[PDB]
Amino acid sequence: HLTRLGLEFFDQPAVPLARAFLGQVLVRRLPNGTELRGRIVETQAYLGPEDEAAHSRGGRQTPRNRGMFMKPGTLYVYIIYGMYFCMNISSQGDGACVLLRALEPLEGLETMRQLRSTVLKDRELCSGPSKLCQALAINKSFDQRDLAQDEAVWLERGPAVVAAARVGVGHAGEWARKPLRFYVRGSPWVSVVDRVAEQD
DNA sequence: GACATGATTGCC
DNA sequence: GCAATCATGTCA
Ligand code: NA
């Protein structure tokens with residue numbers, strides 16, 4: 001409640017938003033009233049129509065990815081490999097959004113451990129875009145919900161950033177190389193480290 | 001309607 | 001190194 005980041009926070013372009021997300025806390029309120037909490041430590045930006053690595057490239061817009069084209073803070077959750085979910089948050093700009101890739105589990109660990117069993121060390125709980133969705137019971141029903149106005153999920157105010165190439169982009173093209181992935185330097189909770197990028 | 005494919009994960 | 005597994009994007 002009271003701590004929830006509002007509409008204003010999300011209304012920022014993809015890069016600033018993705019960097020702004022680091023440190024913030026994603027909260028998931030379960031039916032039992034329990035709340036799962038994770039500190040965002042890795043995010044990845046998609047800039048829209050011009051971004052050849054995005055679902056929205058070339059203005060591609062369908063009922064599936066409509067979330068990216070809706071008001072900032074709107075979620076875009078999709079199924080990948082017909083088996084996993086990926087959670088994205090719309091940012092300022094049509095077709096622009098930010099993908100959450102890893103969280104530092106803070107509360108509800110045991111429930112997360114159960115959710116990701118279908119014994120896992122804490123490091124394997126939310127160290128991935130699909131892992132975190134699983135650990136927080138996030139699925140397709142969350143698609144197009146508003147992070148600023150939803151009863152089951154929201155972001156709470158925070159309390160060195162590394163900019164690196166994105167994960168899952170392939171090895172061809174200018175867009176695959178851009179430093180559009182951001183994570184907390186030194187965090188053992190990040191999904192994929194880039195030692196080279198870490199060398200400033 | 002048909003057909004190729006995935007912003008992953010995890011076992012071989 | 002590679003299979004799992006199916007809704008979506010495209011073409012028809
Ligand atoms: Na957007």
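Throughout, a chain's letter reflects where its sequence line sits, starting with A, and its residues are numbered from 1. As a basis for the values below, the full set of heavy atoms in this structure was taken, side chains included, without hydrogen atoms, waters or symmetry mates.
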| request: May I have the distance from A/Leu132 (atom CG) to B/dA7 (atom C1'), rounded to whole angstrom? | output: 12 Å
| Candidates B/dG10, B/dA7, C/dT5 - which lies nearest the side chain of A/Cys86 | B/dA7
| query | Are A/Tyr81 and B/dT8 stacked, counting the six-membered base ring, centres under 5.5 Å, planes under 30°? | reply | yes
| said: What is the separation between atom NZ on A/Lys140 and atom P on C/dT8, rounded to the nearest whole Å? | reply: 4 Å
| Do the six-ring planes of B/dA7 and B/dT8 sit under 30° apart with centres under 5.5 Å? | no
| Counting side-chain heavy atoms from CB outward, which of C/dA7, B/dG10, C/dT5 is closest to A/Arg116? | B/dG10
| message | For the residue pair A/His55 / A/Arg64, report whether a side-chain donor-acceptor contact shorter than 3.5 Å exists. | response | yes
| field | Side chain A/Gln24, main chain A/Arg157, donor-acceptor under 3.5 Å | value | no
| How is A/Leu99 classified with respect to the nucleic acid when contacts are heavy atoms under 4.0 Å: base, sugar-phosphate, or nothing? | base
| task | Find the distance A/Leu100:CG to B/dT8:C1' and express it as a whole number of Å. | result | 15 Å
| query | Does OP1 or OP2 of C/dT10 have a side-chain N or O of A/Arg60 closer than 4.0 Å? | reply | yes
| said: Quiz question: by atom type and distance under 3.5 Å, do the side chains of A/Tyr183 and A/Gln44 form a donor-acceptor pair? | reply: no
| query | Which nucleotide sits closest to the side chain of A/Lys131: B/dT9, C/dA7, C/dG9? | reply | B/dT9
| query | Honestly, is A/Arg66 close enough over A/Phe69, meaning NZ or CZ under 6.0 Å from the six-membered ring centre and within 45° of the axis? | reply | no
| said: Between the base of C/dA7 and the side chain of A/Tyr78, is one N or O donor paired with an acceptor at under 3.5 angstrom? | reply: no
| request: Please report, rounded to the nearest Å, how far the P atom of B/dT5 is from the CE atom of A/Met83. | output: 18 Å
| query | With no hydrogens and no angle check, is any side-chain donor or acceptor of A/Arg19 less than 3.5 Å from a backbone partner on A/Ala163? | reply | no
| Minimum-distance nucleotide (side-chain atoms of A/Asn65 versus C/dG9, B/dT9, C/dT8) | C/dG9
| Looking at A/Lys178, does any N or O in its side chain come under 4.0 Å of the phosphate oxygens OP1/OP2 on B/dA7? | no
| query | Partner of C/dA7 by Watson-Crick or G-U wobble geometry, both contacts under 3.5 Å, or none? | reply | B/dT5
| note | Regarding the side chain of A/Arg101, the nearest nucleotide among B/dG10, B/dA7, C/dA4 is B/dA7
| query | How close or far is atom P of B/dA7 from atom OH of A/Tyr183, stated in whole angstroms? | reply | 22 Å
| task | Could you check which of C/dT8, B/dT9, C/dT5 has an atom nearest any side-chain atom of A/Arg64? | result | C/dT8
| query | What's the CG-P distance between A/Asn139 and C/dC6, to the nearest Å? | reply | 16 Å
| A/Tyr84 has a side chain; which of C/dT10, C/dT5, B/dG10 sits nearest to it? | B/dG10
| task | Quote, to the nearest angstrom, the P distance that separates C/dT5 from B/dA2. | result | 23 Å
| request: Please confirm whether the backbone N or O of A/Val192 pairs with a side-chain atom of A/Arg181, one donor and one acceptor, at under 3.5 Å? | output: yes
| field | Whole angstrom value for the distance that separates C1' of C/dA4 from CD1 of A/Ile80 | value | 13 Å
| said: What's A/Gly82 touching, base or sugar-phosphate or nothing? Going by heavy atoms closer than 4.0 Å. | reply: base
| Candidate nucleotides B/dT8, B/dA7, B/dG10, ranked by approach to the side chain of A/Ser130 - the nearest | B/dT8
| query | Whole Å only: how far is the CD atom of A/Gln61 from the P atom of C/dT10? | reply | 13 Å
